[PDB]
């Protein structure tokens, strides 16, 4: 369970479909789009050719943060990288390992907790596409990265989580001891503060400290604005046990209005104390 060195040329098909009640979403199979979009994982140095079809009645696009891409895979109307209704296009994202340039300076790699979103619906910033659900997660791993038993994606989109109605979660389950991975993405108009009862993480790339020499901060509350993305890995219930562990936006009115879910950590027998 560690991430290998990348350098595969991988391929996938992505569709932008309309969903029930105003929503739109990406998906890897027509008829099966989802909010948030399907998780895309790659290893540093991979290349991904995304074979896109807009199946809707309005232009759409696909725009990625942090990964490498030429101006033709930008995903913006300004560059004519959008997709007409019914249209088709192939976006290419690349990645690079870190290393030294000819300069002798250090080039950082592509690894990170990133995301992809529309950039053309509603306005030329994607405002109404993001709002409708056109977003999702991409993880790019470094060699030797520790792999999880599970990855869950939490998006604070304006005043919702993953576009869901108020006080509907989502909830996620695990078993005590599971290495659980969280991808956290924020979108829209408002700043937020992500809080987890019972668990904490480092505020670096991996969410876990390099070792005793790692100056990274350890936190359980993280301010995030539109298009911030971060992620971490927590041992489920470490030092605290099983339970319905609340996670929420800690802005008080935001938590009060619905931006809450449960991290249901289970005992080996499958039962949750108090739930």
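Numbering follows the first chain given and starts at 1.
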Segment of higher mean CA temperature factor, 157 to 165 or 100 to 108 = 100 to 108
Give the stretch, out of 248 to 256 and 6 to 14, with the larger mean C-alpha temperature factor in the deposited entry.
-> 6 to 14
From 42, 58, 242, 64, pick the one with the largest CA B-factor in the entry?
-> 242
Identity of residue with top Cα B-factor, from 206, 34, 221, 229 = 34
Which third of the chain does residue 189 land in by C-alpha B-factor: lowest, middle or highest?
-> lowest
C-alpha B factor of residue 125, ranked within the chain: lowest, middle or highest third?
-> lowest
In terms of the CA temperature factor given in the entry, to which third of its chain does residue 27 belong: lowest, middle or highest?
-> highest
Among the modelled residues of its chain, the C-alpha B-factor of residue 152 falls in the third labelled middle
Of the three thirds of Cα B-factor ranks in this chain, residue 144 occupies the highest
